[PDB]
Structure formats: C-alpha cells, structure tokens
There are 4 protein chains.
Amino acid sequence: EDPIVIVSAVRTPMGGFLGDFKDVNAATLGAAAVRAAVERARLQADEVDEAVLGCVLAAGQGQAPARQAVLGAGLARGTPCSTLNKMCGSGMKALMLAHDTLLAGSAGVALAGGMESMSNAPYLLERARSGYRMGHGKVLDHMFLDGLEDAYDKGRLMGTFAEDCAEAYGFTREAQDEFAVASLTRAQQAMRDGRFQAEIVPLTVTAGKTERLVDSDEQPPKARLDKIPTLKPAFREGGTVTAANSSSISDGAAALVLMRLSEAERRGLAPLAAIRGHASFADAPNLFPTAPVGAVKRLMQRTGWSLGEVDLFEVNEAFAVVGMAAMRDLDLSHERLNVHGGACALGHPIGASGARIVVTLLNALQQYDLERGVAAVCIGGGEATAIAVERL
Amino acid sequence: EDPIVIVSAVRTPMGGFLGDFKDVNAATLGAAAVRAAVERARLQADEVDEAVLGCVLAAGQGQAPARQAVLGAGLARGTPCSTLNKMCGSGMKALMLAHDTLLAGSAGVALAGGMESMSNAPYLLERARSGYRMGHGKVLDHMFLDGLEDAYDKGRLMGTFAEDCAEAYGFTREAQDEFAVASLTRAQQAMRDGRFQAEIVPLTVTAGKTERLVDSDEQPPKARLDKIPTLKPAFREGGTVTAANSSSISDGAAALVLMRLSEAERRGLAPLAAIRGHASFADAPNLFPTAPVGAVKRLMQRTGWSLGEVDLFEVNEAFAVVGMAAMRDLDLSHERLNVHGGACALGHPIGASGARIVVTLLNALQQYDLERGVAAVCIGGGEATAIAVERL
Amino acid sequence: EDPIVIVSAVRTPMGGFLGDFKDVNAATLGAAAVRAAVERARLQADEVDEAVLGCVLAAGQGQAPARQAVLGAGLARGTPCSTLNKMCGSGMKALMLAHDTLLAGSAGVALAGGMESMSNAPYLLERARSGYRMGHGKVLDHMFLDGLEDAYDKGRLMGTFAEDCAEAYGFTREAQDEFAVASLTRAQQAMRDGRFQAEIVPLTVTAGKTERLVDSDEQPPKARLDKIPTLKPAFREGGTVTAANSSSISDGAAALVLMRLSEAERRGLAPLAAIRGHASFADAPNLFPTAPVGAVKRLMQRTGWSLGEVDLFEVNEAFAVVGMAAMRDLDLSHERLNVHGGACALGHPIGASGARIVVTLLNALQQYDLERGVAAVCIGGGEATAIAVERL
Amino acid sequence: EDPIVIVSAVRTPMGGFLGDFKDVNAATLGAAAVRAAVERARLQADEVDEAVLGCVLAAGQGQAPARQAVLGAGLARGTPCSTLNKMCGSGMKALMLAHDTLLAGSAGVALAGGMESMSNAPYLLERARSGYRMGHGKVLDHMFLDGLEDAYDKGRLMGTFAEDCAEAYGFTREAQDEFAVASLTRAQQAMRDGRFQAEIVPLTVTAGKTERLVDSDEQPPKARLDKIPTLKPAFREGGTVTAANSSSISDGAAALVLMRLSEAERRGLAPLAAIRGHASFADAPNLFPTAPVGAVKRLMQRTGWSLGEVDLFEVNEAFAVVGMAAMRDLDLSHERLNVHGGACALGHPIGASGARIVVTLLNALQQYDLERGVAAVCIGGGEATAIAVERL
C-alpha cells in the first residue's frame, strides 16, 4: 500500500470584503500559503515539481496567477504552475488533479491549493473593444458576472437556487438562522481556544504608513448575532435566505503538499493523512445546493467507506441550506459537521474554499485524535467534489 | 500494454482578430470542437466522465467557461468540467491532466482541449470598485494585461523576450522572415491540397440576417508575402522581430477524447495514437522562447525516445525564433517541423494552441503514414510542455 | 434706423451618426463653419470682438469647445469665446445673445452659431470617482443622458412627449409619415437643384491614407421612402411616432456674422438680412413639442408683425408633430414651412440646429426673392426660441 | 441715467472636493442660490424672464443644468434658462450677458450666476462608442480633461502656466506662500467676525440617516498654515507653485438678480450697486495668469474710471501668482485686493467663481461703506473678464 499523503496544510486568515486584505492581491495571499506549506513540509525551494492553485477571478492579476504566487513564495523558477477554475470547488479539484498526477508518476512532490482576492476583482466593459454604438450599457462586477451569477439563467445569483432548495426541503428562516448561529458560535469558540492557530500563516499588511500583523479570521468577531433574525430575505420576495445564513465575500488562500507515502517515509516526513479517494458529481446548475450529497455518496462507493465510519465532515457553507441538505440526505449529526464553524462565519473566498475546508478538517481530526474525514464543496454550474482523508 | 490513446481530435478553423469569429464567444468555439470530438469518438451525451478545457482570458464569459462549452456542445449535465489556465500551454496541460486522470483510475473517458476568443476579451477598470478619486486612470485590455504582457517586467510584451532570444542566438531579420514565409507557404499549400480538411469542424456564423459557413483558416489567404521584408521591428528599436515573424491574435478551439486502449477496443473505436509521455519545464519568465528545448529534452528522458526516432515535430510558432531555437538546439530538420505551417501563418488563440498543434500533428502523421510525433509549446511565465504520440 | 444685420451665414453639410464626420470633432466642424462665415464677411483674423457657439455635448472635447473652434478657424487669440447650452435651441440662443451684445454696445462685430458631434459624445462612469463598491453599474451614453432624455421623468426620451402631442392633436401615423415624406422629397429636390450649394462649406475628411471631399448632406440620399409606412412605433407600444417621422442623430455646425447696418455699410458689406426681433418661451418639459407656438406668438407681439406678413417659416423638425402642431396653431400653409426640407430629412445636430435653420431660412428667402422669415426651435426642458429676419 | 443694477446677490458655502457637498449635484447648489437671490429681491416665483447660469462640467447632470437649477429653485416653468461655459469666467460672463440682455430690452428681470459640483464630475471613455480595438486606453477625469487641462498643449495643467508666470515675474515660493497665508488669514477672520453671513444661503445635506446644516465655508478652518512652506512644487520639478498657493477644487453656486434702476425703483427695491461696465480680454492660453490685467485696463477705458478711484478689487486667486501679477501690473495694495480672502483659502468651483467673487465684493463694499469695486477672473483658454460695480 503506497497511498498519496498530505504532509503539510495551511491557510491565510480569511479577510472580509474590502477588509484586512483590501490591498493584497490573490498571488500575495497564495505566496503566503505556498511558502508556509513548503516550509512546513521541510522542503527546499526547488523540490515542488507540480503546482496547481485554484482561482476563479483572474481578471487584472496579470499572466499566470499561480506562477506569480509560486515565484512570489520564493520557489524555484523550475516549478511548473497552473491556475485552475472549477468555480467554488477550484481548491479541492487542485488537490484531486495533484493526487492523480502523483499516482500517474508525472510528479514526485505536488503543491495544491487555491487563492481568491474578491476585493481586487475589477469591473469589465464587454463592449469597450468593438463599441457600445449608442444607448447605455453595463459596467460589470467581475466577481458577480464570472463568480456569483449563473451563466444559463443570466444575472441569476446562486442564492436564488439556495432559496429553491429551502422551498423544496422546507428549511425555515429560523432553522437556517440557527445553523448560521451554530457556525458563528463554533468559529468564535475555535478562535478563542486557539483551534485555528496551528492551521494559519499570518500576513503583514502595510497599514497606511505603518504595518499590521493579520493572524486571525476577520469576520467571526465582527458578526452581530442580534441582527441575524431581523435581516430581509436576500434573493427572493418573502424568502428564507439572507446575508447572514449565506456565506460572505472573503479574501484568502490555502496550500497543501502531497507525495507518495513511500516518498514522505524516504524524507523522514510524518504525513498528516492519506487521501483514500475523491469523487466528482454534476447535475443541473439550479440543483448545486444538493450536489455535495451526490459527491459524498460516490465517494463512499469509491473508498469502500460508509457514512457511519466517518468521524468529521466539512461541507462548505455556501448557504446554511447546503449544510442542512447534507445533514438531511446523509443522516449526519450537526455534532460531526463543520465543528469549528464554516463559510457562514468565516467567508467563502471562492477559489480557495475547496482547499481551505481540507486544511480545517486535517487540524480538527488531529485536535480530537480522530481517523476519518470527508470534505465536500458545491460548485457553480451544478457540481460538487468530495475527498476522503485518513490519519494513520 | 494498455496505454492511454487519443480516439478523436478536432479544431475549429482559426479566425483572425475581430474577423470570422468576432461575434462568437469562447464557449461557442469550445462547444463546436467538443461536439465534433465526441461525435468522432461515437460517444453519446453522458459518456464523458471528465472534461478539462484550456482558456486564458475568462473575464466576462460568465461562470465556468469549460462547463458552458461542454453543455453548449450537448453533453449531459452529469459531465464534470474544469477551466484551465497554463497560458499559451493551457490546451496541452488539459491533455496532460486528462491523461493522468485516466491512468490514476479517476475516469474511463476524458475530454481535453482549449478555446480562446481573443476578439471577446473585455476591458477592465482596476479601480472602478473603490474609485479613481481624481486624475486619469487606465482602461486595461484584458487580452494585453492578462494574456500578452509579463507579470514581472510589468507591461513588457513577450515579443521583447523574443528579441532577446534573436540577439542571443544571432537569428537575423532575414532568417526569421524566411521561417515565417515557409510557415505561410506550407499553410497555404496545406489549405489548397485539403490537408486541414480531416482536422477542422466548420462553424455557421450569423452575419445579421445572413448566415455564413466558416470551414477554413482565415489568416493564410490574407497574408501579404511582399510586405514581410518591409515591416518595422515590433518590440525593439532596430530589432528583427516584426508582426509577420510573430504569431497573430486569433480566435479558435480544439478538443480530443482520450481513454485506455482496452476501452477503445471494447467500444470498437480505432485509436488515432497512444500517448507515450508528457513533460513540463520551467525557467525564468524572460527565457520562455527556449523553454521548449527543455521540455522536449525532458520528454526524451521520460519516454526513452531519442530525437532521431521522432518523425514529426510541432513546436508552436509563438515567434519564428521559438521554432529556430528548437531547430538549432534539438538539431531538427525544418522538413520535420511544423510541416503544414504553424501559428506564424495560422494564429495563436492562446488557450487553444497547445491542443490545436496536437490535432495538426495527429492528422499530419496519418497523411504521411509516420509513427512518432512530438508537440511542444512555450508558455508565458517561462514554461513549456511537450507530449509524445505514437500511431499503432 | 440702425438694426443688427446678418452679413454672412454658412453651415457644414449635416452628417449621419457615425457617418461622414464620425472622426471629426465638434470644434473641427465649428472651425469649418466659423472660417467660412468670417471669409464671407470679408473679415480678417482679429476683427471678431465676440464669439458665442452653441454646443450641448461638451464632454470629452477639452476646455472651451467654442475657443477651440474659433482658434481652429484661424481667428486671432484676442477673440473672446463662450460655449452655450440651451439644448436644441443653443445655436439660436447664440444668435440672440450676440444680437443683444451688439445692441448693448459691448461689441461691433459678433460671431454666433452652434456645433455638435453626436458621433464623438463619449460614455460616462457616474461612480468611477468614489467606486461602484459591488454589483453592476451603468456606462452612460452622454448623448442619451445629457442630450436626449428628460431630466425630470428620468430616462424618458423626448419622443414619448412627441407621442403625447400626437395623441393630444390627433396626428395619425399616416399624417406624420406624409409630413416626413414631404420633408425628404423637398430636401432631395433642394440637393439635386443646388438650393443648398450657397449655404454649405465643404470639409475635407481623412479616411486613413485617402482624403474625401464632403460637400453634401449625408441623410436625404440614404432615405428608404418604401420603409417609412412599415417602421414600428419608436417611443410607445401602439404609437404613431417612428424613427422616420422623428429627426435623426446628426453631426454638423453653422455660423453667422452680425453687426450694425451702419458698420456693414462702413465696410461695403451687403447684409443678408436685418434681425427684427427674438423671443423666448418656456413651459412644462413634457409640452416641448408645442413650445414653438408660444415663441412665435410672443415674436409677433415684440416685432409688431402678424403671421400673414411672414413669407417663410423654419420650424425645426425635431418630430413631424412639431411642424404639424405649428401649422395647425399658427394656421401656416405647408408651402411656407421648411420649404427645402428640415431635420426629419437632414438630421438634428442638437447644438447647431437653432443656427442651421437660420442659415437655410436666409438662403431660401434669397432664392425666392421674399422679405420676411421666422425661425423657431423647440428645446429639451420645455422651451422654444424664435427669431424674425427681414431682407432689405 | 438708467443703469443696470444688482438688487440681490448670494452664494452657497464653498465645500471642499468630496467634502460637505460630496452628494449634492450642481443643480441643487444652483437651486439654493437661485431661490435665495429671488427671495432677497422680493420677487414672486414667475418674475424672472431670463436666467443664465455658468457651469463648466455638465457631464452626467442630465438635460439643461441651468433649467434643473431654476425649476428646482421653485421658479415658474415660464422662466427661460441657459447653461453657459466660459471656463473659470462662466459666472461673470453670465452677469455680462444678463446685463446686455436687459440693456437691449430683451428682458426686464434677469437672474445670473454659476454653479459647479467638482465632486460629481464623472469619468469619460472617449472610445467606448466606436471601440478601443486593442491595447490599453484612458478613463478620463471630466474635471481634469474638460476643466483643468489646456486643450492645445494636451494634458498640460493650468498650474504649469502659473509656474511660467512665477518665472517671468520672479515670484518666489516664499512671496507666493505669503500671499496664500494672507488669503487664508483674511478668510478665517472674515468667517470668525461673521463677514460672510450676509452673503451665504445655508444648505441642509442628508448625513447618512441624519441631516446637517452647512452654513459656513469648509476649507479655511481645515487649512494647516504649518504645512504651507513644507509642500513640494505641484506642476514643475523644483518649481514655486504648490497645492497651497494654488486654489483648491470646490463645490458651490452663486446667483444675482439684475434689472434697470427704473424697474428697481418702480418695485420699491433698494439696489446693492449699479454695473458701470464690463470688459472681455483674450490672448494666448499659456498667458491666462496675466489676462485679468488686460481685462481691468480695458474696463478702466470703457467706464472712464482710473485704478486710483477703485475702493476694492476681487481678482480670483486661481493661483497666488494671478493676484500678485495684478498687484504688480495695476499698482494695487494687497490692502485693497481680496480683503476677505480668495480662492487660495475658499476654493474655486470653476463655473461659479466669476459670480462668487462679485457676491463677496458687494458684501465687502457695503460692510466698509465704500463706493467702487472691480471684480476680474482669469479664464482657461487665455481670457479674462472684469466688471465694475458702484454703490449709490
């Protein structure tokens, strides 16, 4: 048995929109995570022979964001780099491609992760090139058009499909708000008891003339529990889904180093976990909130696991309904799901979350001395991915 | 021996900038190529387990360009999609990931390729979000900023690094122009003798009320051979590199279907070729024009091939100097390199070219009844990929 | 009796939107008209004491459009310039201010007119200064927002108020189309018989390497008489007003030189006509189409004229209904109104038209050896101006 | 003797750029001044038969800014309105045209003034209409391109010509800074002793959820005397002209009511002053800082006044050098010039300053019981205007 193992895993703090990382581009967040992941793996700067970083909103970053992040991290010029867009799942699909590249023998040491600066997403002029001709046009938010809106039902925010899911499942405004308060409570607790310290690499940001250490997640401490049940529906007249039971716009990155178990052992490197499998599921774009259920069932078949044998689940909290659908359809305890909080408290930097939730899962498995984790993420366009990890 | 085989391979015609496909988005070009590749593989809508499409300039396309192209082609909603940016090498890296996804056992049937509408890249406003405050600002061409300029020597076009290479190698104005004239001549002759017909899927384009059948490459017929020795240098005062010994901006797509030989045999599907290996190479961003030399040398080590056993080479003609460096440092006859012409005649739709040259290579190997091909592409950021294919 | 006299009067041809003058800015059109007006008055560069030019859409032209046009014409730097916006009436209000500046003794020789490049009006970003923050925004056509739409019923085009007037007056689709056909016929015939030749200054336009002489009105020759009864309503579901019984977007300029009769006699300069009076009228913005009725009635009170003593009328054809309201409420024969055609055939370069119709009126009075003319123009914001001219 | 008299005069406070009036458009500032001027003249809402308002930066305001201001003030629909651009002199040229319109008998009661929202000037896309085609372009600050930059030496700020004037006149950095400190001191004093109270109409601005009374000039209290001599030259390497010895960007409006003395007497209205003359001067655009000297000498000839007979001068402080040139060339005491401060302390809302300085001059003549004032303003494009007022 020579499975692929994760030997290192780290994330930046997750900043709020126009918050802590307002003036930090995606490649600098990526560089911070990449540097840390390689130092934690006890590797030299030239030992990564495949690097794949998730990123959805690449407009205005310049050529090859992942290349900018890897070279900005101090890794050697010889490091092959790719930038990967599988929407909200980009950071996990990076792990899955890196995993397969290692199994196929194309690489011996791979860096996977993702990064997003939602703050630095620019505006777009679709008809600047060839001409508006006459009449008003649109100045398009890149984050909205290329990140948050469906491509088929044009202009339709993903929150509308989360509302369809609330209606189909009978998820009440109150039950969504309770899931969101549990996520917010857990994150504040985790932060307070230092349960994120082992997984975070701080950044230094230039603060006008001075410099600040950002070493903690910006959003859980700023949340107002009192306003949650007061908010207007966000996506539909007289709906249940709100800003507070949806994930927020966020800036962050995450990076993990993978290799064969035999290569970790040949390096004297203690693995965090073996990857025991991964799964890809797709259906209609308007059914994305339930897609994680499909991915996790395919993952149980591919691994030979059962749901009952899994200690911890991370299901990315794009909306409370995504977590609540998974609890209903996979018969999971809220006690085993998103135990340190989730995107409803921490944010959803779209290209990083798929990797971020795997970093959080690894830390949490270690902290409670548990064996088996599953991470799953729903994906714009109607997809989900899921990954099984096991501590040895 | 159960190698991964390419069972189908197709491209759109390559259009000129604001030409034949000015009104066709990237996902429509990708959809045309994906649809024909699936048809030529005799597959039904739900038989592609994994789709990866290269695309560099994703801004303004909406969520998940590869998902739009796959569903636009008529493939089922169950088809997992990813959009890949490895700059000029995107289309080849797509083949490489699909290849390793099959070998890893993560899929039975994969689709790879790339697509680029440089015509529909939008303009960006980097400071529209938080304000320009006062004084003029930039409206940034996404194609220039995110596709054509170096990220490190900010604003420097890749043609300046091509001029560095012309200086380092002593490639004269005349020798580069002769390479470009052989590329245009070969392409014009390939067109006239029908040597592109087997590899091209025509598109129907709607010119207002009229409809037009685009079934041939736009650029070779419009080439002014007489003007080539008369152009000014394009990148450097007193230089050698011009618009005619550089590739042009181009719109296009290409797609290929891969599977184990044993799966192709089970389906009664005659393979075009076995993939015998692939290699990635990276060095300093400003040395990109010679990166293919590293990629091809690394490819001979991994495959166990030698240069002399290769029948045909495709080296993407980002600039004539890229081909000429490869001919000198790999000791290749011009007669075995880019034998139907290359990007200097056809164009360089950046996210598609790394797959497009594999399509052209496979058809050329078939026409001359040859066994062994190498395709290599240089890449913004200082990289290159190469792939080895063998007809059985 | 020492009345103010018009000694010269000239216009550019009127171009179609993005047509003949697509590449000519407003100040170049103004410069052509100013230069010929000064030449026809036999004046030298330093003999104009006051210049006022109408122009509505000044955005993106740089400082002081009228100053650019005056100096561009070759007039001396000593020439005081002002740019005037009274919407569709700018060109006439320029004549009115110049007229009163002479009578007041503030000048001996004044130049008035107007100029408009609707082709070169730019697009605006209303929130580029302080930021769009998040979500789509508007890129605003300066021509629409600042020229064509009501400021009070925000976004409402002036053609909706034209439809109100068609309803209030019972002007049928057929009757409006007949007015427009008489306007196109008269213009086409005026063109063919040379009846515009004395009033037009040709421009030389540079089409890349080629040069072209534009010496005739672009729009009347391109008019499809057959399509007029077939167009849809343009402003209201089930309405009567269309693109063909409305004026078109147009590029053009006009200029006139004024002075006391005694100054014209001192210079040996034969006047074209005496100004006998001018009137301003305003009412509710949504009644603009009938404002000329008020302006002309107020003009007969101030001059002591009656309608029956007037030989020719020019009422600017912003819409056919503007002419038809004037014909009904002023009891005017169609045979005495807009006898060489009007804006329905020629176009409506908004800042120029109020001066352009005076130029056409003066030439028409000369050709038919008639004495007395009235020009009137309706104005966005609910206004109108009219002027009385008499040949001696 | 029946001269034109000013019966009323008022201004808004002058806001700083993105300051007090950040969210107040030009027509609302105009409306406040217009309303007050008409109430102070003891006129009904329908008694103004000519309204001319200066405004340079009309982009994005909608149709007919002056019409929006007049109707927003509550004046009757019957009030004729024009928007006037004579750059920095717009507000005084409005007074001069209104004056001549009254003398010519075209109107009996005229409203003149100007208004500018420099904060609400938008950005422009010159090639949005017909296309950028390829390569970066500019997003143009309307305020910079159409307000502050020369049109002939393209991109050249007016501060560069003020530096040429410093060099030609030997105006030292220290002498400029001293003029600026005197202007700042005088304004703070004037404000402190309520010497602006009689001339200002407050506005109420909505302050998030609340509402603020803005009744005082924003800029003099915020100025830092200590930083003045520390600032870097603003316009030329190792120059003398700075941000603090130049006027600042400002938001404000001013309005004055004019009529014949016989009409003020027939209404029982006490005039503030008779207008005894006006003058217009123009020369090269790069000599604008000295143009006021030309205007004031022509004004002395036209009025039959001499410089020695004038009690107070207002010369608009576009730059300290403008004030200092006038002191040198007209042999004027700083004691008689800009006695309550000037644009170096208060700001330069470009389309209003020409009227603003006349309001300040009238108040100051009353406060010191003096007879004769001169106001003069330099004008982009190389012009100046000047007006003589006399208390009776």
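The sequence lines fix the lettering, A, B, ..., with proteins before strands; numbering per chain opens at 1. Hydrogens, waters and symmetry mates play no part in the numbers below; they use all other heavy atoms, side chains included.
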Under 4.5 Å from a heavy atom of chain C, the part of [X] involved:
X: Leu140(D); value: neither
X: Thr101(D); value: both
X: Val56(D); value: neither
X: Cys81(D); value: both
X: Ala284(D); value: both
X: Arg302(D); value: side chain
X: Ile379(D); value: neither
X: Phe281(D); value: neither

Discussion item. Treating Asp146(C) as the side-chain partner and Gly62(D) as the backbone partner, does any N or O pair qualify as donor plus acceptor under 3.5 Å?
Written reply: yes
Worksheet item: Hey, is the main chain of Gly147(C) close enough, under 3.5 Å, to the side chain of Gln63(D) for a donor-acceptor pair?
Response: yes
Using a 4.5 angstrom heavy-atom cutoff, name the option from [options] with the most pairs to chain D.
options: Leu57(C), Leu145(C), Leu103(C); value: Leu145(C)
options: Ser106(C), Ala66(C), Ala151(C); value: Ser106(C)
options: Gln61(C), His99(C), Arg67(C), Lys154(C); value: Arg67(C)
options: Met143(C), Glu149(C), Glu50(C), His142(C); value: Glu149(C)
options: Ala282(C), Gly380(C), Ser280(C); value: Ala282(C)

Discussion item. I need the contact set between residues 69-78 of chain C and chain D: heavy-atom distance under 4.5 Å, sorted by residue number.
Written reply: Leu71(C), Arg77(C), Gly78(C)
Worksheet entry | Any residue of residues 287-298 of chain C which, by heavy atoms, sits under 4.5 Å from chain D | none
Item to complete: For chain C, find its close neighbours in residues 112-125 of chain D: heavy-atom separation under 4.5 Å, sorted by number, or none.
Response: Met118(D), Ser119(D), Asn120(D), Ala121(D), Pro122(D), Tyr123(D), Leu124(D), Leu125(D)
Worksheet entry | Any residue of residues 85-95 of chain D which, by heavy atoms, sits under 4.5 Å from chain C | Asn85(D), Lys86(D), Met87(D), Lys93(D)
Item to complete: Examine whether an atom of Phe144(C) lies under 4.5 Å from a heavy atom of chain D, and if so say whether it belongs to the side chain, the backbone or both; otherwise answer neither.
Response: neither
Worksheet item: So what's closer than 4.5 Å to chain D heavy atoms on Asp49(C): side chain, backbone, both or neither?
Response: neither
Response to the item:
Here the gap from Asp100(C) atom CG to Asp100(D) atom CG, rounded to the nearest 0.5 Å, amounts to 8.0 Å
